[PDB]
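Participant: To start, I am sharing the structure in question, which I have written as structure tokens.
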Amino acid sequence: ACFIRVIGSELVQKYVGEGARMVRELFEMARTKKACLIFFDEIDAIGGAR
Amino acid sequence: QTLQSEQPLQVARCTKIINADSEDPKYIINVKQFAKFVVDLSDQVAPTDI
Amino acid sequence: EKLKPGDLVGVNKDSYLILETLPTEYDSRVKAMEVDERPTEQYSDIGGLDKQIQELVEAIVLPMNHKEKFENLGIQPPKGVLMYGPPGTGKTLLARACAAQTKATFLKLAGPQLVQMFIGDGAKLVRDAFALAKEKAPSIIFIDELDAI
Amino acid sequence: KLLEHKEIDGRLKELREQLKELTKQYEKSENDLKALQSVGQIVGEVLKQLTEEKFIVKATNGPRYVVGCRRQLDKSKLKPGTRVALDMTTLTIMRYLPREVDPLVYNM
Amino acid sequence: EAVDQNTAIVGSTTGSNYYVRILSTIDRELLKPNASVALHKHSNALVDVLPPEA
Amino acid sequence: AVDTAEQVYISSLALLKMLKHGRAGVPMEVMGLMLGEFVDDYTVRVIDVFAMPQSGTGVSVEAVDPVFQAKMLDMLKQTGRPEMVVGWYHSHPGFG
Amino acid sequence: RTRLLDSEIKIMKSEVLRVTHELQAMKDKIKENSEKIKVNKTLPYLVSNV
Ligand SMILES: Nc1ncnc2c1ncn2[C@@H]1O[C@H](COP(=O)(O)OP(=O)(O)OP(O)(O)=S)[C@@H](O)[C@H]1O
Ligand SMILES: [Zn+2]
């Protein structure tokens, strides 16, 4: 299938409201195709702490 | 010897379209940062998918 | 009369002269959040939240059908209904059960969609949402993750 | 028998009212064309009174300047704290304004 | 900065930093670490010291 | 053909109309015309410079209405003495 | 037989006024809105806050 590594800090960009758009870019790649594989790793970089 | 031939080209800007008016383009547009741009289309377009 | 405090108006460069108040500028994100999909989650499909279904339907859907029943008695329906609790009891399910068993213009609204970068869009978008649901006067209005805004 | 004097008075009423109202909207819109003399200003706020004729204004995106009045813009009114309208070329003060800021003071 | 007599290096409230000269008028003990300074536009040179905030 | 140093004698009215018309032409870079006399290659005296109306699109030759010229100079035909439009002017009123 | 012809000629007296006032409407309106088309063909229409 289409396998996608995800560096968590590819969401952590500098400017205001851009990693949100990075999630948008992710879902744009996702809904182009079929059976694709997003692989997260190190989601503490993304974070689970409020 | 092909340089000066390409010198009358143009620095024309890519954009992103806000809406379409009815019965006419009358398109409103933003590029990135400046403003929200009221434009025409050129005559040799496919006026459907703008 | 088209002017008020807080107006995006479209202004010439060289004159700096006002020409339009941006009158017909409903964006793709503005019109995508409107609901034309009409989900179908049944009340019987949800179990055990009996009195919460009571409060929900009998205090939102009865203003949709009986305003005069508040007027025959001389009271006034509440404005503002809030859900909260643990993130597994089913919260979005109740808004979807509203969308199913009522037809009075269900309007979703997602939270971080209102987080803007082109600045000035989300407030305009909320005003567009209430204007649009005002156009279909009984307004079923839902927002998830209100804490995110 | 002389209703052509009222077909002339009615022509006066209809044609003159319509052409006069079209040329009246054209008078006010020729004045809107005359507003291509009233071509833009800037707005800033007086930050201090530099000298009796000078003021430091606040371009709301940025820098700070030295200005004057038009001629008779009441230099005692332009206290530090007022908002003024600034000229486009000369950049000096054109017209005072009210307003102030965040409605967390206002909504309470 | 002044590299020598009357040749400045000047920051602005446009943010950036420039390299101009200053006049033959201004006293050299008005800029002694700094000042709120008055700058021209085309010539863009140091003219005057604004009154500090105090 | 051959070239020899061209000289622009100015009418001082042209100096006044340039300063006034660009002064009114506040930042918006007005267009006007130059109306003069063909003496030779190496000199020109301009005798008249009048005003042209403000156009907010873009400073162009297509804003030059020739029937505006016809009507204005038609009024100027018996008024004094008309000549050829020999040029034009635009403005940059803040910088050099 | 004399006042009716006076009103007949006064109809043309008012029709000349119709011609000139419709000129002050229409020919001036062409001036106004040609200037306003000259303001309606710009780079943006810059969004702002009133
Ligand atoms: N009464 C119920 N009957 C059937 N499934 C239920 C019921 N209550 C909850 N669920 C299930 O719980 C989930 C729905 O809860 P949620 O989708 O988390 O609602 P919610 O709005 O997301 O809550 P949070 O705080 O936002 S995560 C789905 O898996 C449902 O199938
Ligand atoms: Zn110029």
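Participant: Which is farthest toward the positive dipole end of the range C:46-148 among C:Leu73, C:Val115, C:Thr89, measuring Cα position about the Cα centre, with Cβ charges +1 (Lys, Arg) and -1 (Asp, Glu)?
Facilitator: It is C:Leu73.
Participant: Now, a different point. Please work out the Cα center distance from the range D:64-99 to the range C:1-59, rounded to the nearest Å.
Facilitator: 41 Å
Participant: Can you give the alpha-carbon Rg of chain E over 2.2 N^0.38 Å, where N counts its residues?
Facilitator: Values: Rg = 10.6 Å, N = 54, 2.2 N^0.38 = 10.0 Å.
Taking N as the residue count of chain E, the ratio is 1.06.
Participant: Along the range D:75-83, what does the Karplus equation 6.51 cos²θ - 1.76 cosθ + 1.60 (θ = phi - 60°) give for ³J(HN,Hα), rounded to whole Hz, x for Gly and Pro?
Facilitator: Ordered by residue, 3J(HN,Hα) equals 4, 7, 5, 6, 6, x, x, 7, 10 Hz.
Participant: What number, in percent, do you get for the relative contact order of chain D if the mean sequence gap of Cα pairs under 8 Å and at least 6 apart is divided by its residue count? Provide the component values of the computation, followed by the final result.
Facilitator: On the way: 121 pairs, mean separation 21.1, N = 108.
Reported relative contact order: 20 percent.
Participant: Excluding B:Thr15 itself, calculate the net charge of residues whose Cβ lies under 11 Å from the Cβ of B:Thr15, where each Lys or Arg counts +1 and each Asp or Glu counts -1.
Facilitator: +4
Participant: Here's something else I'd like to know. How much mean residue ellipticity at 222 nm does chain C get from its helices, if each DSSP H run of length 4 or more adds -39500 (n - 2.57) and you divide by all residues, to the nearest 500 deg cm²/dmol?
Facilitator: My calculation for chain C gives -10000 deg cm²/dmol from helical runs alone.
Participant: Can I ask one more? For chain B, what value does the Rg/Rh ratio take when both radii are computed over Cα atoms and Rh is the Kirkwood radius, given to two decimals?
Facilitator: Reported Rg/Rh, Kirkwood definition of Rh: 1.11.
Participant: 222 nm [θ] for chain F, helices only, -39500 (n - 2.57) per DSSP H run of 4+, per residue, to 500? Walk me through the intermediate numbers first.
Facilitator: On the way: 2 runs with 23 residues, N = 96.
That calculation yields -7500 deg cm²/dmol at 222 nm.
Participant: What does the convex hull of the alpha-carbon atoms of the range F:1-71 project to on average, in nm²?
Facilitator: Seen from a random direction, the Cα hull of the range F:1-71 projects 6.3 nm² on average.
Participant: For chain D, compute the orientation-averaged projected area of the C-alpha convex hull (one quarter of its surface), in nm².
Facilitator: In nm², the orientation-averaged hull projection of chain D is 13.0.
Participant: Just flag the trypsin sites (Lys or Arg not before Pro) in chain F sitting in loop per DSSP whose Cβ has no more than 16 other Cβ atoms within 10 Å.
Facilitator: Counting only loop positions with at most 16 other Cβ atoms within 10 Å, the trypsin sites (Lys or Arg not before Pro) in chain F are F:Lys77.
Participant: Nearest 20 debye, what's the magnitude of the dipole of chain C about its Cα centre given +1 on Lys and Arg Cβ and -1 on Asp and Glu Cβ?
Facilitator: 200 debye
Participant: Ok, one more. Can you tell me the mean projection area, over all orientations, of the convex hull of the range C:4-122's alpha carbons? Units nm², please.
Facilitator: 11.9 nm²
Participant: Would you grab the residues whose amide H sits under 5 Å from the one on F:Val85? Only those 5+ places off in sequence or on another chain, please, with H modelled 1.01 Å from N.
Facilitator: Those lying under 5 Å, H to H, from F:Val85 are F:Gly36.
Participant: Could you list B:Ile29, C:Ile119 so that the one with the fewest beta carbons within 10 Å of its beta carbon is first and the one with the most is last? Mind showing how you got there, number by number?
Facilitator: Numbers: B:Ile29 17, C:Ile119 9.
Fewest-to-most ranking of B:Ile29, C:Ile119: C:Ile119, B:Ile29.
Participant: Which order do B:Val11, C:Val11, A:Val6 fall in if you start with the one that has the fewest other Cβ atoms within 10 Å? Mind showing how you got there, number by number?
Facilitator: Values: B:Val11 4, C:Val11 20, A:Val6 17.
Ranked by crowding around the Cβ, least crowded first: B:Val11, A:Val6, C:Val11.
Participant: Looking at this model, which pairs from C:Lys2/D:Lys77; B:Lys36/G:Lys41; D:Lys58/E:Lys32 are more than 20 angstrom apart at the alpha-carbon?
Facilitator: C:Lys2/D:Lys77; D:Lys58/E:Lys32
Participant: Something else: For the protein assembly as shown, which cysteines have no second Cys with its Cβ under 4.7 Å from theirs?
Facilitator: So, B:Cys14, C:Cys98, D:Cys69.
Participant: So, one more: Under the definition of Cα pairs under 8 Å and six or more residues apart, what whole-number percent is the relative contact order of chain E?
Facilitator: On the way: 67 pairs, mean separation 13.6, N = 54.
Rounded, it is 25 percent for chain E.
Participant: Follow-up. Residue by residue through C:18-26, how many Cβ atoms from other chains fall within 10 Å of the Cβ on average?
Facilitator: The shielding value for this peptide is 4.
Participant: Now a separate question. Please name whichever of A:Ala20, A:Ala49, A:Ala30 sits farthest to the positive end of the charge dipole of chain A, dipole taken about the Cα centre and charges placed at Cβ: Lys and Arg +1, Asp and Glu -1.
Facilitator: It is A:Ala30, whose Cα lies furthest towards the positive end.
Participant: What does the convex hull of the Cα atoms come to per residue for chain A, in Å³?
Facilitator: Enclosed volume per residue, from the Cα hull, is 81 Å³.
Participant: Sequence-distant or interchain residues sharing an amide H contact under 5 Å with E:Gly11, placed H: which?
Facilitator: Result for E:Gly11 returns E:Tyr18.
Participant: On to the next question. Relative contact order for chain A using alpha-carbon pairs under 8 Å, separation at least 6, rounded to a whole percent?
Facilitator: The normalised contact order for chain A reaches 58 percent.
Participant: Still on this structure, I have one more. What is the magnitude of the charge dipole of chain F about its Cα centre, with +1 placed on the Cβ of each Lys and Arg, -1 on the Cβ of each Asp and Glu, and no other charges, expressed in debye to the nearest 20?
Facilitator: So the magnitude is around 500 debye.
Participant: Show me the three semi-axes of the equivalent ellipsoid for the protein assembly as shown, from the C-alpha gyration tensor (sqrt of 5 times each eigenvalue), largest first, rounded to whole Å.
Facilitator: 56, 42, 29
Participant: Taking 20 Å as the cut-off for C-alpha to C-alpha distance, list the pairs among D:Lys75/E:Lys41; C:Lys4/C:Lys124; C:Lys31/C:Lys136; B:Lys26/C:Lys136; D:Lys79/E:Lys41; A:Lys34/B:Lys16 that go past it.
Facilitator: Numbers: D:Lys75/E:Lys41 26 Å; C:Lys4/C:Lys124 14 Å; C:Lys31/C:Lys136 15 Å; B:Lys26/C:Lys136 29 Å; D:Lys79/E:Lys41 26 Å; A:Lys34/B:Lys16 28 Å.
Check vs 20 Å cut-off fails for D:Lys75/E:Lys41; B:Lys26/C:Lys136; D:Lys79/E:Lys41; A:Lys34/B:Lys16.
Participant: Based solely on its DSSP helices, what 222 nm [θ] is calculated for chain D when runs of n ≥ 4 H residues each add -39,500 (n - 2.57) and the sum is averaged over all residues, nearest 500 deg cm²/dmol?
Facilitator: The helix-only estimate for chain D comes to -7500 deg cm²/dmol at 222 nm.
Participant: Moving on to the next point. Among the DSSP beta bridges whose two residues both lie in the protein assembly as shown, what percent are antiparallel, rounded to the nearest 5?
Facilitator: In the protein assembly as shown, approximately 75 percent of DSSP beta bridges are antiparallel ones.
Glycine gets a Cβ as well: all are built from the backbone with ideal geometry, and neighbour counts include every protein chain shown. Only the coordinates and a few stated rules stand behind these numbers; no lab work does.
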